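Everything on this sheet refers to the single structure shown next.
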Amino acid sequence: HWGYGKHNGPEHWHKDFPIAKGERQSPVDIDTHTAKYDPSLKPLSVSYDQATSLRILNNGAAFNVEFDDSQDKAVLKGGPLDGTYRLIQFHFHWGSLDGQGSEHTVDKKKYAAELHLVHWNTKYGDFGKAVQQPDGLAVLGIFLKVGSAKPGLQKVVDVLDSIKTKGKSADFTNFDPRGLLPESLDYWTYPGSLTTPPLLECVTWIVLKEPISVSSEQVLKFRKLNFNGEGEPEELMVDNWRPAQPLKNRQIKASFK
Ligand SMILES: Oc1ccc(SSc2ccc(O)cc2O)c(O)c1
Ligand SMILES: OSc1ccc(O)cc1O
Ligand SMILES: [Zn+2]
């Protein structure tokens, strides 16, 4: 019964999920002046040309666009990663106001939202096994700022009315996640966790430096979603983000000078 309210939000999660106070929790603040350029990192390869989206689901915490991951149709390779990581889903975290909503921060700056493209390491055979491994997932994080509209987001925005409440899903075929990427793949990377319960410490984070711009109308449509199920008191799905957690004994590496 975890959530994002005062009574069940991030400050409470550690009681059911003690790993919340673990050594590699996410998100973190990215201090750009202490992250170090790593010339050892190989180029990042985002290969999404054969992606097969299936469905979109309101799970009561966010909405997930879900992909067919039964073959290497959309994969992430390179950068800090060894081997091949398959796209399974993406989701966002966002705010009630344009000045908050992201999970990662950059020199303490909060963006309006943050996209998480979730990929699992194919050496572990499926997602459920991958999340039990320290290198099981690679999550590509992309910041959203409010400005110009993002055409590649509009198909997502326009289906949200059909999944307003928790447990609702809809068909969502033929969506191209390449339309959600910025021009540059410059990134920061560090080892961390899921930012929601169960908070598993299985993620190589790859957070892009360049935000995408989305329009005020696009983000407003995210804010009309509901945390509740149909036939329950309405609580708007906003501020579904966890604040920054202690970096502890981790280093953030940059792919760029
Ligand atoms: O092999 C597949 C199994 C499940 C899905 S649903 S996405 C999905 C994946 C992980 C989640 O914790 C939540 C999600 O909604 C999928 O797309 C493929
Ligand atoms: O970032 S929160 C989060 C939740 C589920 C997941 O499979 C991956 C994630 O990174
Ligand atoms: Zn997330």
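Just remember, in the structure tokens the first chain shown is A, the second B, etc., residues are 1-based per chain, and ligands are 1-based in the order shown.
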Give the alpha helix (DSSP H) residues of range 29-226 of chain A, as DSSP finds them on the backbone, and put them as a list in words.
residues 127, 128, 129, 130, 154, 155, 156, 157, 158, 159, 216, 217, 218, 219, 220, 221 and 222 of chain A
Written file, previous selection with N, CA and C atoms, as an mmCIF file, in the first residue's frame:
```cif
data_model
loop_
_atom_site.group_PDB
_atom_site.id
_atom_site.type_symbol
_atom_site.label_atom_id
_atom_site.label_comp_id
_atom_site.auth_asym_id
_atom_site.auth_seq_id
_atom_site.Cartn_x
_atom_site.Cartn_y
_atom_site.Cartn_z
ATOM 1 N N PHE A 127 13.003 -10.573 -17.479
ATOM 2 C CA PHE A 127 13.019 -9.410 -16.595
ATOM 3 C C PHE A 127 13.029 -9.817 -15.112
ATOM 4 N N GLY A 128 12.185 -10.783 -14.743
ATOM 5 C CA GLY A 128 12.079 -11.164 -13.338
ATOM 6 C C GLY A 128 13.377 -11.683 -12.738
ATOM 7 N N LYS A 129 14.133 -12.419 -13.544
ATOM 8 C CA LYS A 129 15.457 -12.887 -13.124
ATOM 9 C C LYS A 129 16.451 -11.743 -13.134
ATOM 10 N N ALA A 130 16.371 -10.874 -14.140
ATOM 11 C CA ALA A 130 17.313 -9.756 -14.262
ATOM 12 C C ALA A 130 17.258 -8.824 -13.050
ATOM 13 N N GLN A 154 3.040 13.029 -28.531
ATOM 14 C CA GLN A 154 1.612 13.352 -28.622
ATOM 15 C C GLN A 154 0.721 12.104 -28.674
ATOM 16 N N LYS A 155 1.148 11.026 -29.329
ATOM 17 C CA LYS A 155 0.341 9.812 -29.342
ATOM 18 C C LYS A 155 0.135 9.249 -27.925
ATOM 19 N N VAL A 156 1.142 9.388 -27.067
ATOM 20 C CA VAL A 156 0.979 8.990 -25.679
ATOM 21 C C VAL A 156 -0.048 9.879 -24.972
ATOM 22 N N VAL A 157 0.116 11.191 -25.079
ATOM 23 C CA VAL A 157 -0.800 12.146 -24.464
ATOM 24 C C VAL A 157 -2.247 11.846 -24.834
ATOM 25 N N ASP A 158 -2.468 11.546 -26.103
ATOM 26 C CA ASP A 158 -3.814 11.411 -26.596
ATOM 27 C C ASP A 158 -4.529 10.131 -26.166
ATOM 28 N N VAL A 159 -3.806 9.131 -25.669
ATOM 29 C CA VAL A 159 -4.457 7.908 -25.194
ATOM 30 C C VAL A 159 -4.729 7.951 -23.683
ATOM 31 N N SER A 216 3.359 22.763 -22.340
ATOM 32 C CA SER A 216 2.568 22.851 -21.130
ATOM 33 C C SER A 216 1.308 21.995 -21.268
ATOM 34 N N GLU A 217 0.686 21.993 -22.446
ATOM 35 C CA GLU A 217 -0.531 21.205 -22.645
ATOM 36 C C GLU A 217 -0.267 19.708 -22.541
ATOM 37 N N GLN A 218 0.899 19.274 -23.027
ATOM 38 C CA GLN A 218 1.271 17.870 -22.935
ATOM 39 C C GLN A 218 1.452 17.441 -21.485
ATOM 40 N N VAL A 219 2.189 18.213 -20.687
ATOM 41 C CA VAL A 219 2.383 17.808 -19.297
ATOM 42 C C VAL A 219 1.072 17.912 -18.504
ATOM 43 N N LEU A 220 0.238 18.892 -18.838
ATOM 44 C CA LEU A 220 -1.040 19.028 -18.135
ATOM 45 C C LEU A 220 -1.878 17.759 -18.293
ATOM 46 N N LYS A 221 -1.783 17.098 -19.445
ATOM 47 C CA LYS A 221 -2.538 15.874 -19.657
ATOM 48 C C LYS A 221 -2.034 14.725 -18.769
ATOM 49 N N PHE A 222 -0.731 14.697 -18.469
ATOM 50 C CA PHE A 222 -0.223 13.723 -17.496
ATOM 51 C C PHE A 222 -0.908 13.949 -16.138
#
```
At most 9 Å is the cut-off: for each residue in chain A with any atom that close to an atom of ligand 3, write down the nearest atom pair and the distance in Å rounded to one decimal, counting only C-alpha atoms and all ligand atoms, chain first then increasing number, as CSV.
```
residue,atom,partner,partner_atom_place_in_ligand_line,distance
A:62,CA,ligand 3,1 (Zn),8.4
A:90,CA,ligand 3,1 (Zn),8.0
A:91,CA,ligand 3,1 (Zn),6.2
A:92,CA,ligand 3,1 (Zn),6.2
A:93,CA,ligand 3,1 (Zn),6.3
A:103,CA,ligand 3,1 (Zn),8.1
A:114,CA,ligand 3,1 (Zn),7.9
A:115,CA,ligand 3,1 (Zn),7.2
A:116,CA,ligand 3,1 (Zn),5.1
A:117,CA,ligand 3,1 (Zn),8.2
A:118,CA,ligand 3,1 (Zn),8.2
A:139,CA,ligand 3,1 (Zn),8.4
A:141,CA,ligand 3,1 (Zn),8.3
A:194,CA,ligand 3,1 (Zn),6.6
A:195,CA,ligand 3,1 (Zn),5.7
A:196,CA,ligand 3,1 (Zn),6.9
A:241,CA,ligand 3,1 (Zn),8.2
```
Would you mind listing the residues within 12 Å of ligand 1, counting only C-alpha atoms and all ligand atoms, as number ranges by chain?
A: 51-72, 74, 86-91, 116-120, 122, 125-131, 137, 139, 167-169, 172-173, 194-200
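In this comparison, which uses only C-alpha atoms, the residue of A:164, A:14, A:6, A:209 approaching residue 225 in chain A most closely is A:164.
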From the options A:228, A:148, A:213, A:255, which residue's atoms come nearest to residue 42 in chain A, counting only C-alpha atoms?
A:255
Considering only strand (DSSP E or B) as DSSP defines it on the backbone, what residues of range 18-167 of chain A qualify? List them as an NGL selection string.
:A and (29-30 or 36-37 or 44-47 or 53-58 or 63-67 or 75-78 or 85-94 or 105-106 or 109 or 113-121 or 137-146)
Please measure the separation of CA of residue 145 in chain A and CA of residue 254 in chain A, giving the value in Å to one decimal.
21.2 Å
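Residue nearest ligand 2, chosen from A:82, A:201, A:11, A:176 and counting only C-alpha atoms and all ligand atoms: A:201.
In this model, the gap between CA of residue 21 in chain A and CA of residue 38 in chain A comes to 28.3 Å.
For the residues A:41, A:75, A:252, A:140, ranking by smallest atom-to-atom distance to ligand 2 using only C-alpha atoms and all ligand atoms places A:140 first.
Distance annotation: of A:10, A:152, A:27, A:3, the residue with the minimal separation from residue 247 in chain A is A:27; atom set is only C-alpha atoms.
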Can you pull out the residues contacting residue 182 in chain A? Cut-off 9 Å, using only C-alpha atoms, and skip same-chain residues under 6 positions away; I want them as number ranges by chain.
A: 142, 208, 210-213
Quick one: of A:105, A:240, A:162, A:45, who's nearest to ligand 2, counting only C-alpha atoms and all ligand atoms?
A:240
Near-residue 97 in chain A list (10 Å; only C-alpha atoms; drop same-chain fewer than 6 positions) as an mmCIF file with N, CA and C atoms, in the first residue's frame:
```cif
data_model
loop_
_atom_site.group_PDB
_atom_site.id
_atom_site.type_symbol
_atom_site.label_atom_id
_atom_site.label_comp_id
_atom_site.auth_asym_id
_atom_site.auth_seq_id
_atom_site.Cartn_x
_atom_site.Cartn_y
_atom_site.Cartn_z
ATOM 1 N N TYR A 111 13.721 19.030 -12.974
ATOM 2 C CA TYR A 111 12.999 19.206 -14.213
ATOM 3 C C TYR A 111 11.504 18.891 -14.014
ATOM 4 N N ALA A 112 10.693 19.220 -15.008
ATOM 5 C CA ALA A 112 9.237 19.020 -14.917
ATOM 6 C C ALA A 112 8.832 17.547 -14.882
ATOM 7 N N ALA A 113 9.657 16.695 -15.469
ATOM 8 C CA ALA A 113 9.376 15.260 -15.513
ATOM 9 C C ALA A 113 10.642 14.524 -15.926
ATOM 10 N N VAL A 219 2.189 18.213 -20.687
ATOM 11 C CA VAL A 219 2.383 17.808 -19.297
ATOM 12 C C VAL A 219 1.072 17.912 -18.504
ATOM 13 N N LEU A 220 0.238 18.892 -18.838
ATOM 14 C CA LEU A 220 -1.040 19.028 -18.135
ATOM 15 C C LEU A 220 -1.878 17.759 -18.293
ATOM 16 N N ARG A 223 -1.074 15.209 -15.755
ATOM 17 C CA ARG A 223 -1.592 15.575 -14.436
ATOM 18 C C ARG A 223 -3.083 15.306 -14.253
ATOM 19 N N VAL A 238 0.003 13.058 -9.593
ATOM 20 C CA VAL A 238 1.018 14.106 -9.702
ATOM 21 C C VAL A 238 2.056 13.885 -8.600
ATOM 22 N N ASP A 239 3.260 14.391 -8.824
ATOM 23 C CA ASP A 239 4.347 14.267 -7.841
ATOM 24 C C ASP A 239 4.612 12.805 -7.476
#
```
